[PDB]
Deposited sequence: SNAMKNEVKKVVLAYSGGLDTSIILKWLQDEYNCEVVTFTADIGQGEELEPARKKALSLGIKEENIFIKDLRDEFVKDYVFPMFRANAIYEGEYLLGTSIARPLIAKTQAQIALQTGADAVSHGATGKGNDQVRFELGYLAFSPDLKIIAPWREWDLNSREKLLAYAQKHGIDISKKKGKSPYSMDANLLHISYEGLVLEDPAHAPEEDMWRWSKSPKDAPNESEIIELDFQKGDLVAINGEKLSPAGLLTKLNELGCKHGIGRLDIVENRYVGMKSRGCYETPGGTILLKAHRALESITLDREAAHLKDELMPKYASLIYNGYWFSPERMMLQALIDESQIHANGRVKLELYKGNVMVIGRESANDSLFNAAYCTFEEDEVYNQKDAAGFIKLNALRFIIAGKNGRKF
């Protein structure tokens, strides 16, 4: 039995169908939650769609989470130079836990005993949402209609819609990336069609004039661009526009999913692609060698945690504590030249934290002698190469 559900609501047809199914099947009050995380969608019409579908005004939640997304999710991940399978900048994965947590809290606030979502019943996304929910409200009933209902025909789905009264690609968009799947992308041996890419110019259409930019960092996080101190969303947005302008950040991979097998997708990560390059350059003059190398060793594990939906887990908090500690002296400035898909570092400096700033050749002799000991012992023991 269930009395009141918080639904992740986009205003789209499928979650509108879900909204009606909740009211009828579980016979409950539905609460809607719509979040701005850089989708580039007007929030208002969702309220109106929700109203026309029977939601009470007070049960309609519209929240702008752009700044918080970049501040408490995006920047913290980039401290690690997190990249999944050497290519993927985790744009979908990093955004999920922000949504699930916020939804869980609205549930708590409204007294709602259940939450719900329109994620696929066989994709990564259902896992990401539910792990998040249970981190913040482990007593919540979880309703995944895609997994529950008998509505598994298109015809039996259209019929239901009737009874209860853009780009052709399957897309996920936020301040960090735009994702594309479906259509020709289904064949990983087939190239994408050019008109699919909606956000960034191609490097071919990007300007013939390169552009220099300067990025200021404080404790590993971006704080200014060309001397301009913006809000976190402000900063990532600016980098996006720069990346888009110059055709930066496109990616074509098949990736291993947490749930199911391999999947082919394309991604536009204009700002984040620039962020990663700059952040490495920052660390290169400001981080102790072994501190940087230790974080490199632990990065893939961290990237998989994020990918798989384990942002809100003890593991990840442990890894974050390590990561953050590495970032204390990561203060400085990086200079980059952008040109048709290229992010070239051309300068890095730091006002108080550069380690780029006696020992002699006899000292180096002794360092070599002691590292070579095991090789001499081994050689004498028959283990010559």
| item | value |
| --- | --- |
| Segments lacking C-alpha coordinates (deposited sequence numbering, starting at 1) | 1-6, 172-179, 372-381 |
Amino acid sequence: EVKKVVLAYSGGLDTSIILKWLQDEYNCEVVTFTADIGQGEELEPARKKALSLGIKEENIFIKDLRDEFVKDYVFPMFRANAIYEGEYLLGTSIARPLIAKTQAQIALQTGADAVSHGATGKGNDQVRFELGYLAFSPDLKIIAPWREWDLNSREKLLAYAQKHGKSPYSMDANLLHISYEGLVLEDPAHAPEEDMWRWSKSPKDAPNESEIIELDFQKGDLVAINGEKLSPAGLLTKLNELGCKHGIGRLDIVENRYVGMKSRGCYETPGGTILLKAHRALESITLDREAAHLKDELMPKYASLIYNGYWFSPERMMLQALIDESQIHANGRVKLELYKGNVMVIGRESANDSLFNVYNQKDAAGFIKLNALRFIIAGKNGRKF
From here on, numbers count along this sequence of modelled residues.
| query | finding |
| --- | --- |
| Between 36-44 and 321-329 (mean CA B-factor, as deposited), the higher | 36-44 |
| 139-147 versus 173-181 - greater average Cα B-factor per the deposited record | 139-147 |
| Residue with maximal Cα B-factor (values as given in the PDB entry) among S153, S263, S284, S304 | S153 |
| Identity of residue with top Cα B-factor, from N240, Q105, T92, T120 | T120 |
| Chain thirds of CA B-factor: placement of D221 | lowest |
| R316 CA temperature factor, ranked by third within the chain | lowest |
| Chain-relative CA temperature factor third for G309 | lowest |
| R250, C-alpha B-factor rank within chain (lowest, middle or highest third) | middle |
| Assigned third (lowest, middle, highest) for the C-alpha B factor of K277 | lowest |
